[PDB]
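Colleague: Dropping in target12.pdb, which is PDB, C-alpha atoms (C1' of nucleotides):
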ATOM      1  CA  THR A   3     -34.348  62.334  64.827  1.00  0.00           C
ATOM      2  CA  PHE A   4     -30.595  61.765  64.499  1.00  0.00           C
ATOM      3  CA  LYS A   5     -28.020  64.097  66.061  1.00  0.00           C
ATOM      4  CA  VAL A   6     -24.251  64.199  66.549  1.00  0.00           C
ATOM      5  CA  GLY A   7     -22.500  62.405  69.399  1.00  0.00           C
ATOM      6  CA  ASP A   8     -25.363  59.964  70.006  1.00  0.00           C
ATOM      7  CA  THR A   9     -25.274  56.165  70.044  1.00  0.00           C
ATOM      8  CA  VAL A  10     -27.244  54.175  67.452  1.00  0.00           C
ATOM      9  CA  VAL A  11     -27.757  50.411  67.148  1.00  0.00           C
ATOM     10  CA  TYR A  12     -26.925  49.078  63.664  1.00  0.00           C
ATOM     11  CA  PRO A  13     -27.892  45.524  62.633  1.00  0.00           C
ATOM     12  CA  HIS A  14     -25.164  42.844  62.492  1.00  0.00           C
ATOM     13  CA  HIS A  15     -22.728  45.275  64.157  1.00  0.00           C
ATOM     14  CA  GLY A  16     -24.327  46.312  67.457  1.00  0.00           C
ATOM     15  CA  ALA A  17     -24.032  49.683  69.123  1.00  0.00           C
ATOM     16  CA  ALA A  18     -22.106  52.418  67.327  1.00  0.00           C
ATOM     17  CA  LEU A  19     -21.218  56.090  67.716  1.00  0.00           C
ATOM     18  CA  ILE A  20     -21.849  58.792  65.101  1.00  0.00           C
ATOM     19  CA  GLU A  21     -18.948  61.103  64.218  1.00  0.00           C
ATOM     20  CA  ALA A  22     -20.352  63.756  61.861  1.00  0.00           C
ATOM     21  CA  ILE A  23     -22.967  64.499  59.203  1.00  0.00           C
ATOM     22  CA  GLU A  24     -21.717  64.225  55.616  1.00  0.00           C
ATOM     23  CA  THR A  25     -23.110  66.265  52.713  1.00  0.00           C
ATOM     24  CA  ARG A  26     -21.773  64.264  49.766  1.00  0.00           C
ATOM     25  CA  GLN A  27     -23.619  64.957  46.512  1.00  0.00           C
ATOM     26  CA  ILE A  28     -24.783  62.182  44.174  1.00  0.00           C
ATOM     27  CA  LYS A  29     -26.254  63.202  40.788  1.00  0.00           C
ATOM     28  CA  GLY A  30     -26.602  66.775  42.021  1.00  0.00           C
ATOM     29  CA  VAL A  31     -28.604  65.770  45.112  1.00  0.00           C
ATOM     30  CA  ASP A  32     -27.353  66.789  48.568  1.00  0.00           C
ATOM     31  CA  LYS A  33     -28.138  63.659  50.554  1.00  0.00           C
ATOM     32  CA  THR A  34     -27.835  63.972  54.340  1.00  0.00           C
ATOM     33  CA  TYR A  35     -25.269  61.268  55.014  1.00  0.00           C
ATOM     34  CA  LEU A  36     -24.262  60.428  58.579  1.00  0.00           C
ATOM     35  CA  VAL A  37     -21.121  58.486  59.489  1.00  0.00           C
ATOM     36  CA  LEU A  38     -20.845  56.085  62.420  1.00  0.00           C
ATOM     37  CA  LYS A  39     -18.368  53.506  63.677  1.00  0.00           C
ATOM     38  CA  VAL A  40     -17.882  50.630  66.105  1.00  0.00           C
ATOM     39  CA  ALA A  41     -14.815  49.417  67.986  1.00  0.00           C
ATOM     40  CA  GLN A  42     -15.088  45.788  66.822  1.00  0.00           C
ATOM     41  CA  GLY A  43     -14.279  45.677  63.106  1.00  0.00           C
ATOM     42  CA  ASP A  44     -12.747  49.151  62.547  1.00  0.00           C
ATOM     43  CA  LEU A  45     -15.210  50.170  59.837  1.00  0.00           C
ATOM     44  CA  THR A  46     -17.046  53.388  58.970  1.00  0.00           C
ATOM     45  CA  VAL A  47     -20.726  53.344  57.966  1.00  0.00           C
ATOM     46  CA  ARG A  48     -22.299  56.186  55.963  1.00  0.00           C
ATOM     47  CA  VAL A  49     -26.111  56.143  55.813  1.00  0.00           C
ATOM     48  CA  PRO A  50     -28.430  58.858  54.446  1.00  0.00           C
ATOM     49  CA  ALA A  51     -31.163  60.016  56.796  1.00  0.00           C
ATOM     50  CA  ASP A  52     -33.915  59.553  54.194  1.00  0.00           C
ATOM     51  CA  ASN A  53     -33.532  55.756  53.925  1.00  0.00           C
ATOM     52  CA  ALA A  54     -32.232  55.204  57.472  1.00  0.00           C
ATOM     53  CA  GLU A  55     -35.517  53.647  58.613  1.00  0.00           C
ATOM     54  CA  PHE A  56     -35.590  51.437  55.507  1.00  0.00           C
ATOM     55  CA  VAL A  57     -32.113  49.956  56.002  1.00  0.00           C
ATOM     56  CA  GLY A  58     -33.016  49.151  59.610  1.00  0.00           C
ATOM     57  CA  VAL A  59     -31.233  51.553  61.977  1.00  0.00           C
ATOM     58  CA  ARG A  60     -32.687  51.946  65.455  1.00  0.00           C
ATOM     59  CA  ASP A  61     -31.985  54.231  68.413  1.00  0.00           C
ATOM     60  CA  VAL A  62     -31.231  53.369  72.047  1.00  0.00           C
ATOM     61  CA  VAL A  63     -34.180  51.829  73.893  1.00  0.00           C
ATOM     62  CA  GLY A  64     -34.566  53.177  77.423  1.00  0.00           C
ATOM     63  CA  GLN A  65     -35.943  51.465  80.512  1.00  0.00           C
ATOM     64  CA  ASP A  66     -38.662  49.748  78.432  1.00  0.00           C
ATOM     65  CA  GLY A  67     -36.161  47.360  76.814  1.00  0.00           C
ATOM     66  CA  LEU A  68     -34.159  45.607  79.527  1.00  0.00           C
ATOM     67  CA  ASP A  69     -37.268  44.540  81.461  1.00  0.00           C
ATOM     68  CA  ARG A  70     -38.987  43.095  78.379  1.00  0.00           C
ATOM     69  CA  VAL A  71     -35.878  41.232  77.219  1.00  0.00           C
ATOM     70  CA  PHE A  72     -35.449  39.905  80.773  1.00  0.00           C
ATOM     71  CA  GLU A  73     -39.056  38.699  80.969  1.00  0.00           C
ATOM     72  CA  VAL A  74     -38.815  37.016  77.564  1.00  0.00           C
ATOM     73  CA  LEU A  75     -35.461  35.608  78.712  1.00  0.00           C
ATOM     74  CA  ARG A  76     -37.194  34.148  81.784  1.00  0.00           C
ATOM     75  CA  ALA A  77     -40.251  32.985  79.817  1.00  0.00           C
ATOM     76  CA  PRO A  78     -40.750  29.206  80.210  1.00  0.00           C
ATOM     77  CA  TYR A  79     -42.457  26.643  77.934  1.00  0.00           C
ATOM     78  CA  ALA A  80     -40.269  27.425  74.911  1.00  0.00           C
ATOM     79  CA  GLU A  81     -40.184  24.544  72.426  1.00  0.00           C
ATOM     80  CA  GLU A  82     -38.329  23.795  69.198  1.00  0.00           C
ATOM     81  CA  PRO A  83     -38.965  21.357  66.331  1.00  0.00           C
ATOM     82  CA  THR A  84     -37.460  17.893  66.702  1.00  0.00           C
ATOM     83  CA  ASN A  85     -35.442  18.219  63.492  1.00  0.00           C
ATOM     84  CA  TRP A  86     -32.395  20.417  64.044  1.00  0.00           C
ATOM     85  CA  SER A  87     -32.466  21.723  60.460  1.00  0.00           C
ATOM     86  CA  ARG A  88     -35.679  23.734  60.902  1.00  0.00           C
ATOM     87  CA  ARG A  89     -34.421  25.354  64.115  1.00  0.00           C
ATOM     88  CA  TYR A  90     -31.063  26.004  62.434  1.00  0.00           C
ATOM     89  CA  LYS A  91     -32.840  27.738  59.544  1.00  0.00           C
ATOM     90  CA  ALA A  92     -35.003  29.719  61.983  1.00  0.00           C
ATOM     91  CA  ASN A  93     -32.266  31.027  64.285  1.00  0.00           C
ATOM     92  CA  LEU A  94     -30.171  32.899  61.712  1.00  0.00           C
ATOM     93  CA  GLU A  95     -33.354  34.404  60.260  1.00  0.00           C
ATOM     94  CA  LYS A  96     -34.250  35.622  63.756  1.00  0.00           C
ATOM     95  CA  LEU A  97     -30.711  37.002  64.094  1.00  0.00           C
ATOM     96  CA  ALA A  98     -31.021  38.822  60.755  1.00  0.00           C
ATOM     97  CA  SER A  99     -34.393  40.260  61.808  1.00  0.00           C
ATOM     98  CA  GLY A 100     -32.512  42.413  64.323  1.00  0.00           C
ATOM     99  CA  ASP A 101     -35.206  42.473  67.011  1.00  0.00           C
ATOM    100  CA  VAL A 102     -33.819  42.556  70.549  1.00  0.00           C
ATOM    101  CA  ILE A 103     -36.565  40.269  71.876  1.00  0.00           C
ATOM    102  CA  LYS A 104     -35.939  37.745  69.088  1.00  0.00           C
ATOM    103  CA  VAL A 105     -32.167  37.643  69.611  1.00  0.00           C
ATOM    104  CA  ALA A 106     -32.706  37.403  73.384  1.00  0.00           C
ATOM    105  CA  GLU A 107     -34.976  34.387  72.864  1.00  0.00           C
ATOM    106  CA  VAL A 108     -32.470  32.804  70.459  1.00  0.00           C
ATOM    107  CA  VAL A 109     -29.536  33.233  72.841  1.00  0.00           C
ATOM    108  CA  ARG A 110     -31.575  32.009  75.839  1.00  0.00           C
ATOM    109  CA  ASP A 111     -32.830  28.839  74.127  1.00  0.00           C
ATOM    110  CA  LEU A 112     -29.384  28.161  72.580  1.00  0.00           C
ATOM    111  CA  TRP A 113     -27.637  28.656  75.944  1.00  0.00           C
ATOM    112  CA  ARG A 114     -30.133  26.282  77.574  1.00  0.00           C
ATOM    113  CA  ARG A 115     -29.457  23.705  74.847  1.00  0.00           C
ATOM    114  CA  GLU A 116     -25.701  24.072  75.359  1.00  0.00           C
ATOM    115  CA  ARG A 117     -26.176  23.708  79.126  1.00  0.00           C
ATOM    116  CA  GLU A 118     -28.317  20.567  79.021  1.00  0.00           C
ATOM    117  CA  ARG A 119     -26.212  18.395  76.672  1.00  0.00           C
ATOM    118  CA  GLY A 120     -23.819  20.474  74.563  1.00  0.00           C
ATOM    119  CA  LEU A 121     -24.481  21.062  70.881  1.00  0.00           C
ATOM    120  CA  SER A 122     -21.284  21.310  68.801  1.00  0.00           C
ATOM    121  CA  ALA A 123     -18.248  23.472  68.103  1.00  0.00           C
ATOM    122  CA  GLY A 124     -19.617  24.986  64.891  1.00  0.00           C
ATOM    123  CA  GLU A 125     -22.629  26.612  66.568  1.00  0.00           C
ATOM    124  CA  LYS A 126     -20.273  28.120  69.159  1.00  0.00           C
ATOM    125  CA  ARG A 127     -19.259  30.738  66.581  1.00  0.00           C
ATOM    126  CA  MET A 128     -22.809  32.020  66.140  1.00  0.00           C
ATOM    127  CA  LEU A 129     -23.682  31.817  69.879  1.00  0.00           C
ATOM    128  CA  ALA A 130     -20.497  33.847  70.527  1.00  0.00           C
ATOM    129  CA  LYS A 131     -21.391  36.392  67.826  1.00  0.00           C
ATOM    130  CA  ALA A 132     -24.959  36.745  69.124  1.00  0.00           C
ATOM    131  CA  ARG A 133     -23.772  37.172  72.722  1.00  0.00           C
ATOM    132  CA  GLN A 134     -21.225  39.767  71.575  1.00  0.00           C
ATOM    133  CA  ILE A 135     -23.767  41.823  69.622  1.00  0.00           C
ATOM    134  CA  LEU A 136     -26.345  41.529  72.430  1.00  0.00           C
ATOM    135  CA  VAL A 137     -23.893  42.622  75.138  1.00  0.00           C
ATOM    136  CA  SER A 138     -22.798  45.487  72.874  1.00  0.00           C
ATOM    137  CA  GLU A 139     -26.451  46.491  72.457  1.00  0.00           C
ATOM    138  CA  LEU A 140     -27.092  46.435  76.211  1.00  0.00           C
ATOM    139  CA  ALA A 141     -23.730  48.007  77.109  1.00  0.00           C
ATOM    140  CA  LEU A 142     -24.448  51.431  75.590  1.00  0.00           C
ATOM    141  CA  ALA A 143     -28.158  51.328  76.499  1.00  0.00           C
ATOM    142  CA  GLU A 144     -27.542  51.318  80.266  1.00  0.00           C
ATOM    143  CA  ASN A 145     -24.224  53.211  79.790  1.00  0.00           C
ATOM    144  CA  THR A 146     -22.364  50.544  81.772  1.00  0.00           C
ATOM    145  CA  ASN A 147     -18.837  49.236  81.282  1.00  0.00           C
ATOM    146  CA  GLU A 148     -18.372  46.313  78.901  1.00  0.00           C
ATOM    147  CA  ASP A 149     -16.902  44.066  81.607  1.00  0.00           C
ATOM    148  CA  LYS A 150     -19.777  45.105  83.872  1.00  0.00           C
ATOM    149  CA  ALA A 151     -22.153  44.502  80.947  1.00  0.00           C
ATOM    150  CA  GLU A 152     -20.933  40.928  80.493  1.00  0.00           C
ATOM    151  CA  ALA A 153     -20.821  40.402  84.274  1.00  0.00           C
ATOM    152  CA  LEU A 154     -24.396  41.549  84.953  1.00  0.00           C
ATOM    153  CA  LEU A 155     -25.860  38.993  82.531  1.00  0.00           C
ATOM    154  CA  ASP A 156     -24.110  36.103  84.307  1.00  0.00           C
ATOM    155  CA  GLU A 157     -26.557  35.999  87.231  1.00  0.00           C
ATOM    156  CA  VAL A 158     -29.781  36.532  85.237  1.00  0.00           C
ATOM    157  CA  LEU A 159     -29.685  33.871  82.497  1.00  0.00           C
ATOM    158  CA  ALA A 161     -29.937  30.902  84.889  1.00  0.00           C
TER     159      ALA A 161
ATOM    160  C1'  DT B   1     -11.457   9.602 -10.726  1.00  0.00           C
ATOM    161  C1'  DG B   2      -7.292  12.650 -10.773  1.00  0.00           C
ATOM    162  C1'  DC B   3      -5.857  16.749  -8.747  1.00  0.00           C
ATOM    163  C1'  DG B   4      -3.166  19.463  -5.203  1.00  0.00           C
ATOM    164  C1'  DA B   5      -3.886  21.040  -0.882  1.00  0.00           C
ATOM    165  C1'  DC B   6      -5.720  20.986   3.457  1.00  0.00           C
ATOM    166  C1'  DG B   7      -5.322  18.929   7.236  1.00  0.00           C
ATOM    167  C1'  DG B   8      -4.381  15.855  11.105  1.00  0.00           C
ATOM    168  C1'  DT B   9      -1.242  12.719  12.994  1.00  0.00           C
ATOM    169  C1'  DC B  10       3.026  11.207  14.487  1.00  0.00           C
ATOM    170  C1'  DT B  11       7.753  10.665  15.406  1.00  0.00           C
ATOM    171  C1'  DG B  12      12.572  12.107  17.604  1.00  0.00           C
ATOM    172  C1'  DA B  13      14.967  16.179  18.591  1.00  0.00           C
ATOM    173  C1'  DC B  14      24.222  12.893  20.590  1.00  0.00           C
ATOM    174  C1'  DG B  15      26.008  11.375  25.434  1.00  0.00           C
ATOM    175  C1'  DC B  16      27.061  11.196  30.670  1.00  0.00           C
ATOM    176  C1'  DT B  17      27.741  13.169  35.963  1.00  0.00           C
ATOM    177  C1'  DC B  18      29.142  17.415  39.239  1.00  0.00           C
ATOM    178  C1'  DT B  19      24.766  19.396  40.246  1.00  0.00           C
ATOM    179  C1'  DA B  20      19.293  17.113  41.991  1.00  0.00           C
ATOM    180  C1'  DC B  21      13.111  20.558  44.721  1.00  0.00           C
ATOM    181  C1'  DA B  22       9.330  21.457  45.765  1.00  0.00           C
ATOM    182  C1'  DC B  23       4.395  21.927  44.932  1.00  0.00           C
ATOM    183  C1'  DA B  24      -1.109  26.550  47.041  1.00  0.00           C
ATOM    184  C1'  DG B  25      -9.220  29.598  46.662  1.00  0.00           C
ATOM    185  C1'  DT B  26     -16.322  27.744  48.658  1.00  0.00           C
ATOM    186  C1'  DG B  27     -22.071  22.698  54.749  1.00  0.00           C
ATOM    187  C1'  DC B  28     -23.784  19.886  58.805  1.00  0.00           C
ATOM    188  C1'  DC B  29     -25.597  16.556  62.368  1.00  0.00           C
ATOM    189  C1'  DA B  30     -28.463  12.681  64.074  1.00  0.00           C
ATOM    190  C1'  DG B  31     -29.383   7.417  64.345  1.00  0.00           C
ATOM    191  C1'  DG B  32     -27.400   2.971  64.077  1.00  0.00           C
ATOM    192  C1'  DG B  33     -23.949  -1.168  63.407  1.00  0.00           C
ATOM    193  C1'  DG B  34     -18.817  -3.402  64.766  1.00  0.00           C
ATOM    194  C1'  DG B  35     -14.787  -4.129  67.057  1.00  0.00           C
ATOM    195  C1'  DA B  36     -11.275  -2.313  69.580  1.00  0.00           C
ATOM    196  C1'  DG B  37     -10.151  -2.129  74.416  1.00  0.00           C
ATOM    197  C1'  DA B  38     -11.469  -3.403  79.969  1.00  0.00           C
ATOM    198  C1'  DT B  39     -14.014  -6.996  83.262  1.00  0.00           C
ATOM    199  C1'  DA B  40     -15.104 -10.850  86.515  1.00  0.00           C
ATOM    200  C1'  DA B  41     -15.964 -15.555  86.283  1.00  0.00           C
ATOM    201  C1'  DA B  42     -14.924 -20.464  84.773  1.00  0.00           C
ATOM    202  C1'  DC B  43     -13.272 -25.513  83.611  1.00  0.00           C
ATOM    203  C1'  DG B  44      -9.309 -27.775  83.659  1.00  0.00           C
ATOM    204  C1'  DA B  45      -4.508 -28.419  84.917  1.00  0.00           C
ATOM    205  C1'  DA B  46      -0.340 -28.761  87.623  1.00  0.00           C
ATOM    206  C1'  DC B  47       1.519 -26.932  91.377  1.00  0.00           C
ATOM    207  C1'  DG B  48       2.459 -27.403  96.465  1.00  0.00           C
ATOM    208  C1'  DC B  49       1.778 -29.270 101.177  1.00  0.00           C
ATOM    209  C1'  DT B  50       1.124 -33.151 103.989  1.00  0.00           C
ATOM    210  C1'  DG B  51       5.293 -35.322 106.196  1.00  0.00           C
ATOM    211  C1'  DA B  52       4.847 -40.398 105.774  1.00  0.00           C
ATOM    212  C1'  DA B  53       7.620 -44.181 104.556  1.00  0.00           C
ATOM    213  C1'  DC B  54      11.629 -47.118 102.850  1.00  0.00           C
ATOM    214  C1'  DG B  55      16.363 -47.741 103.449  1.00  0.00           C
ATOM    215  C1'  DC B  56      20.975 -46.457 104.411  1.00  0.00           C
ATOM    216  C1'  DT B  57      25.169 -45.543 107.342  1.00  0.00           C
ATOM    217  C1'  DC B  58      25.426 -44.927 111.620  1.00  0.00           C
ATOM    218  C1'  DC B  59      27.670 -44.037 116.739  1.00  0.00           C
ATOM    219  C1'  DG B  60      26.379 -46.818 120.004  1.00  0.00           C
ATOM    220  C1'  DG B  61      24.895 -48.458 124.929  1.00  0.00           C
TER     221       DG B  61
END
Rewrite the structure of this file - the entire thing - as structure tokens.

Modeller:
Amino acid sequence: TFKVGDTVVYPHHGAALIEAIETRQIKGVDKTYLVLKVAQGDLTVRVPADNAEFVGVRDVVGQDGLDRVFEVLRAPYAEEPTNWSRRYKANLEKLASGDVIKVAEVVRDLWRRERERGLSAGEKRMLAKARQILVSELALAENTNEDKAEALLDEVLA
DNA sequence: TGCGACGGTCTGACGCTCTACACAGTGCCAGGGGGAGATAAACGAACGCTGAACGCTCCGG
């Protein structure tokens, strides 16, 4: 399932590359740890392969992902509750869910809201974080350059 | 009630200048009411223009 040198998407950190497989022993049990890293925060993540699906790791989605996130990005008739508190409570939950379709919907609706009137400066931090993690997810999926990854999305979100 | 003792409470702890310094870890926005500043108009005032008009010295044919 998991090999060396491959790219894996980790929640709240985006795409990452695996360095090696670690065989550290805990209580006399040889767990199959794997170590991975990103270029954003300069951190190393060690996850055993047995509970990898439980913690929420996920591989690189092929050609079946960009088309579905584009068609849910272009999906009209999206509505939000009138009170901003319910939508505010929903969006970070959708971000923490880690689904690509959910984060694409959140960034599309939020970008539309910022375009129409302009929300605030506080929400700019989370829009920026979501755009960063989404462009990092799509950058290593299509194997494109990061500047090309952020450039290609500029003509499709309108 | 008398007893020590147990305890709290309270007080200051010589004088001045030469010197003499500053002070730090945990949310967020929408709807609505007031007064600050720009606007264009307004009622009244006095400010000018009209030279006219009164009166003077005036050079004068």

Colleague: Kindly indicate which residue among A:82, A:156, A:8, A:24 lies nearest to residue 107 in chain A, using only C-alpha atoms for the distances.

Modeller: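 Using only C-alpha atoms, residue 107 in chain A sits closest to A:82.
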
Colleague: Run the PyMOL selection byres ((chain B) within 9 of (chain A)) mentally over the shown coordinates, then write out the matched residues as a PyMOL selection string, using the chain letters and numbers from the document.

Modeller: chain B and resi 28-30

Colleague: Check what the PyMOL selection byres ((chain A and resi 145) around 12) selects in the file above and give those residues as a list in words.

Modeller: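 Checking the PyMOL selection byres ((chain A and resi 145) around 12) against this file, the residues are residues 8, 9, 17, 62, 63, 64, 65, 137, 138, 139, 140, 141, 142, 143, 144, 146, 147, 148, 149, 150 and 151 of chain A.
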
Colleague: Determine the residue membership of the PyMOL selection byres ((chain A and resi 71) around 10) for the file above and supply it as a VMD selection string.

Modeller: chain A and resid 66 to 70 72 to 77 102 to 107

Colleague: Starting from 4 Å padding per side, set up an axis-aligned box that covers all listed atoms of range 127-140 of chain A and hand over centre and edge lengths in Å, one decimal, as lines of an AutoDock Vina configuration file.

Modeller:
center_x = -23.2
center_y = 38.6
center_z = 71.2
size_x = 15.8
size_y = 23.8
size_z = 18.1

Colleague: What does the distance from CA of residue 11 in chain A to CA of residue 159 in chain A come to in Å, to one decimal?

Modeller: 22.6 Å

Colleague: CA of residue 112 in chain A and CA of residue 98 in chain A are how many Å apart?

Modeller: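 Rounded to one decimal, the two atoms are 16.0 Å apart.
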
Colleague: Given the choices A:49, A:123, A:40, A:19, which gets closest to residue 135 in chain A if the distance is worked out from all atoms listed in the file?

Modeller: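 Among the listed residues, A:40 lies closest to residue 135 in chain A.
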
Colleague: Provide the CA of residue 95 in chain A to CA of residue 61 in chain A distance in Å, to one decimal place.

Modeller: 21.5 Å

Colleague: Rebuild range 103-129 of chain A to N, CA and C atoms - output it as a PDB file, in the frame of the given file, please.

Modeller:
ATOM      1  N   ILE A 103     -35.832  41.362  71.246  1.00  0.00           N
ATOM      2  CA  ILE A 103     -36.565  40.269  71.876  1.00  0.00           C
ATOM      3  C   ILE A 103     -36.263  38.948  71.176  1.00  0.00           C
ATOM      4  N   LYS A 104     -36.216  38.964  69.841  1.00  0.00           N
ATOM      5  CA  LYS A 104     -35.939  37.745  69.088  1.00  0.00           C
ATOM      6  C   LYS A 104     -34.535  37.221  69.366  1.00  0.00           C
ATOM      7  N   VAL A 105     -33.529  38.101  69.359  1.00  0.00           N
ATOM      8  CA  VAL A 105     -32.167  37.643  69.611  1.00  0.00           C
ATOM      9  C   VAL A 105     -32.008  37.211  71.066  1.00  0.00           C
ATOM     10  N   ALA A 106     -32.732  37.848  71.994  1.00  0.00           N
ATOM     11  CA  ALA A 106     -32.706  37.403  73.384  1.00  0.00           C
ATOM     12  C   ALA A 106     -33.290  36.002  73.529  1.00  0.00           C
ATOM     13  N   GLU A 107     -34.406  35.731  72.848  1.00  0.00           N
ATOM     14  CA  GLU A 107     -34.976  34.387  72.864  1.00  0.00           C
ATOM     15  C   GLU A 107     -34.031  33.366  72.241  1.00  0.00           C
ATOM     16  N   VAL A 108     -33.394  33.722  71.121  1.00  0.00           N
ATOM     17  CA  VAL A 108     -32.470  32.804  70.459  1.00  0.00           C
ATOM     18  C   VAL A 108     -31.287  32.482  71.363  1.00  0.00           C
ATOM     19  N   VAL A 109     -30.682  33.503  71.980  1.00  0.00           N
ATOM     20  CA  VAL A 109     -29.536  33.233  72.841  1.00  0.00           C
ATOM     21  C   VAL A 109     -29.947  32.480  74.101  1.00  0.00           C
ATOM     22  N   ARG A 110     -31.141  32.734  74.648  1.00  0.00           N
ATOM     23  CA  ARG A 110     -31.575  32.009  75.839  1.00  0.00           C
ATOM     24  C   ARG A 110     -31.806  30.531  75.544  1.00  0.00           C
ATOM     25  N   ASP A 111     -32.554  30.231  74.475  1.00  0.00           N
ATOM     26  CA  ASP A 111     -32.830  28.839  74.127  1.00  0.00           C
ATOM     27  C   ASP A 111     -31.541  28.108  73.762  1.00  0.00           C
ATOM     28  N   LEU A 112     -30.663  28.787  73.015  1.00  0.00           N
ATOM     29  CA  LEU A 112     -29.384  28.161  72.580  1.00  0.00           C
ATOM     30  C   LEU A 112     -28.506  27.897  73.806  1.00  0.00           C
ATOM     31  N   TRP A 113     -28.410  28.865  74.724  1.00  0.00           N
ATOM     32  CA  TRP A 113     -27.637  28.656  75.944  1.00  0.00           C
ATOM     33  C   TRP A 113     -28.199  27.507  76.770  1.00  0.00           C
ATOM     34  N   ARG A 114     -29.530  27.401  76.856  1.00  0.00           N
ATOM     35  CA  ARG A 114     -30.133  26.282  77.574  1.00  0.00           C
ATOM     36  C   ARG A 114     -29.789  24.952  76.910  1.00  0.00           C
ATOM     37  N   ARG A 115     -29.818  24.918  75.575  1.00  0.00           N
ATOM     38  CA  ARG A 115     -29.457  23.705  74.847  1.00  0.00           C
ATOM     39  C   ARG A 115     -27.993  23.340  75.060  1.00  0.00           C
ATOM     40  N   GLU A 116     -27.107  24.340  75.073  1.00  0.00           N
ATOM     41  CA  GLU A 116     -25.701  24.072  75.359  1.00  0.00           C
ATOM     42  C   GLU A 116     -25.497  23.605  76.796  1.00  0.00           C
ATOM     43  N   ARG A 117     -26.299  24.117  77.731  1.00  0.00           N
ATOM     44  CA  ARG A 117     -26.176  23.708  79.126  1.00  0.00           C
ATOM     45  C   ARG A 117     -26.629  22.268  79.333  1.00  0.00           C
ATOM     46  N   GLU A 118     -27.742  21.872  78.705  1.00  0.00           N
ATOM     47  CA  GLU A 118     -28.317  20.567  79.021  1.00  0.00           C
ATOM     48  C   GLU A 118     -27.468  19.409  78.492  1.00  0.00           C
ATOM     49  N   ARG A 119     -27.038  19.460  77.232  1.00  0.00           N
ATOM     50  CA  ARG A 119     -26.212  18.395  76.672  1.00  0.00           C
ATOM     51  C   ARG A 119     -24.928  18.899  76.029  1.00  0.00           C
ATOM     52  N   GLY A 120     -24.979  20.010  75.300  1.00  0.00           N
ATOM     53  CA  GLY A 120     -23.819  20.474  74.563  1.00  0.00           C
ATOM     54  C   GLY A 120     -23.954  20.175  73.085  1.00  0.00           C
ATOM     55  N   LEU A 121     -24.048  21.221  72.266  1.00  0.00           N
ATOM     56  CA  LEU A 121     -24.481  21.062  70.881  1.00  0.00           C
ATOM     57  C   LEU A 121     -23.347  20.647  69.946  1.00  0.00           C
ATOM     58  N   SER A 122     -22.355  21.514  69.774  1.00  0.00           N
ATOM     59  CA  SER A 122     -21.284  21.310  68.801  1.00  0.00           C
ATOM     60  C   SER A 122     -20.235  22.394  69.017  1.00  0.00           C
ATOM     61  N   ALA A 123     -19.224  22.393  68.149  1.00  0.00           N
ATOM     62  CA  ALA A 123     -18.248  23.472  68.103  1.00  0.00           C
ATOM     63  C   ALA A 123     -18.554  24.482  67.006  1.00  0.00           C
ATOM     64  N   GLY A 124     -19.256  24.059  65.952  1.00  0.00           N
ATOM     65  CA  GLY A 124     -19.617  24.986  64.891  1.00  0.00           C
ATOM     66  C   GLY A 124     -20.593  26.055  65.346  1.00  0.00           C
ATOM     67  N   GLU A 125     -21.626  25.659  66.098  1.00  0.00           N
ATOM     68  CA  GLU A 125     -22.629  26.612  66.568  1.00  0.00           C
ATOM     69  C   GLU A 125     -22.076  27.566  67.620  1.00  0.00           C
ATOM     70  N   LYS A 126     -20.906  27.245  68.184  1.00  0.00           N
ATOM     71  CA  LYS A 126     -20.273  28.120  69.159  1.00  0.00           C
ATOM     72  C   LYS A 126     -19.926  29.469  68.549  1.00  0.00           C
ATOM     73  N   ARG A 127     -19.553  29.484  67.265  1.00  0.00           N
ATOM     74  CA  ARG A 127     -19.259  30.738  66.581  1.00  0.00           C
ATOM     75  C   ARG A 127     -20.472  31.662  66.558  1.00  0.00           C
ATOM     76  N   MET A 128     -21.647  31.140  66.193  1.00  0.00           N
ATOM     77  CA  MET A 128     -22.809  32.020  66.140  1.00  0.00           C
ATOM     78  C   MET A 128     -23.367  32.374  67.515  1.00  0.00           C
ATOM     79  N   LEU A 129     -23.258  31.470  68.493  1.00  0.00           N
ATOM     80  CA  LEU A 129     -23.682  31.817  69.879  1.00  0.00           C
ATOM     81  C   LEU A 129     -22.774  32.947  70.368  1.00  0.00           C
TER      82      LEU A 129
END
